[PDB]
Amino acid sequence: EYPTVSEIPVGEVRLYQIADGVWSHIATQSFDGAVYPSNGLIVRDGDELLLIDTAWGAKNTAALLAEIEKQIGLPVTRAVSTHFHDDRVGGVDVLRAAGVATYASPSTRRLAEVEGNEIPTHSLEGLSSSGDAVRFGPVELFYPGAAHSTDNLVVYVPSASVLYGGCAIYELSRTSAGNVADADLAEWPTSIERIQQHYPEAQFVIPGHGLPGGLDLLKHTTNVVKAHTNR
Ligand SMILES: SC[C@H]1SC[C@@H]2Nc3ccccc3N21
Ligand SMILES: [Zn+2]
Ligand SMILES: [Zn+2]
Ligand SMILES: [Zn+2]
């Protein structure tokens, strides 16, 4: 029942309810003639919502806000971008114009600026060293170490045992490495180990792209990364 890349036209956004007060948002983009899906997270924080990542571009992110309004009807007050790539910060300027406070680690904000990408306004403190965790409203933010990017964060929702891995975690149907231009291949399996150690109780694991599953997605990603390393 999870929406698949084939059921979402680019420009549209679907929401998928995972648990009481926890949703993923799913959008699509074209790249080099193919269509890719992308996931983010929505978490209810009292009578407000916390958004995790944009919907990969301004147009998708405006549609995301419209779909949240229609389907949930609570205001998005804060948003966190989990690394500096466009599928995480592309749309930050739309969020800001709507009055959403946008957040990222100082590492992410610096890398976005170097890349010419949109820059979240606020800086998250306490995430500079691998293994660092901080609470942010209804979620925990965790820096596992360098992996898909040097700045990547993961997000845990304790009320629902939901682990959002972002692009540090691959879906099971991905058997070859994706965009690894900014990755630390050497550190990636160790960083995954840190996620496993910190959230062994996670019941629902969401990759940055594609279908959710369980904690098997962590070992799966290590397998893919190590195979790429040996390519
Ligand atoms: S992980 C950041 C995203 S934004 C642009 C780049 N190219 C690409 C192609 C397919 C899937 C994902 C991607 N990435
Ligand atoms: Zn990325
Ligand atoms: Zn502000
Ligand atoms: Zn990505």
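For this chain, numbers begin at 1 and follow the sequence in order. Read the numbers this way: they start at 1 and go in the same order the structure lists the ligands and their atoms. All heavy atoms count here, side chains included; hydrogens, waters and symmetry mates do not.
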* For atom CZ of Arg194, decide whether the heavy atoms of other residues, nucleotides or ligands shown that lie under 6.0 angstrom number more than 12. => yes

* To do: Starting from atom 5 (C) of ligand 1, locate the nearest protein heavy atom and write down its residue, its atom name and how far away it is, to 0.1 Å.
  => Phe31 CE1, 3.9 Å

* Asked: How many angstroms lie between atom NE2 of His198 and atom CZ of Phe142, to the nearest 0.5 angstrom?
  -> 5.0 Å

* Structure fact -> Near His85 (heavy-atom distance under 4.0 Å), the atoms of ligand 1 are 1 (S), 2 (C)

* To do: Before accepting this row, confirm whether a basic side-chain N of the pair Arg96/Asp93 lies closer than 4.0 Å to the acidic partner's carboxylate O.
  => yes

* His148 contact mode with ligand 1 (heavy-atom cut-off under 4.0 Å) -> side chain

Exercise answer: donor-acceptor pairs, residues 223-231 side-chain atoms, under 3.5 Å, sequence neighbours excluded:
residue, atom, partner, partner atom, Å
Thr229, OG1, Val225, O, 3.0
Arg231, NH1, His228, O, 3.1

* Asked: Hey, what's the ring geometry for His122 with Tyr103, parallel, tilted or perpendicular (30° and 60° as the breaks)?
  -> parallel

Show every donor-acceptor pair shorter than 3.5 Å between a side-chain atom in residues 63-75 and any protein atom, with sequence neighbours excluded, or say none if there are none.
residue, atom, partner, partner atom, Å
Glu67, OE2, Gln71, NE2, 2.4

* atom 2 (C) of ligand 1: which protein heavy atom is closest, and how many Å away? -> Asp87 OD1, 3.0 Å

* To do: May I ask you to list the atoms of ligand 1 that are less than 4.0 angstrom from any heavy atom of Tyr36?
  => 10 (C), 11 (C)

* Hey, mind stepping through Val180 and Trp188 against side chain to side chain contact (heavy atoms under 4.5 Å, CB included) and telling me if it holds? -> CA-CA 11 Å; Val180 294; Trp188 198 333; 4.1 Å; yes

* Test item: side-chain donor near acceptor, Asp151 and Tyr143, under 3.5 Å -> no

* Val5: which other cluster members, linking ILVMFWY side chains closer than 4.5 Å, directly or transitively? -> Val10, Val35

* With heavy atoms under 4.0 Å as the rule, classify the contact between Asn179 and ligand 1 as side chain, backbone, both or neither. => side chain

* Asked: What is the number of protein N, O or S atoms that sit under 2.8 Å away from the Zn ion (ligand 2)?
  -> 3

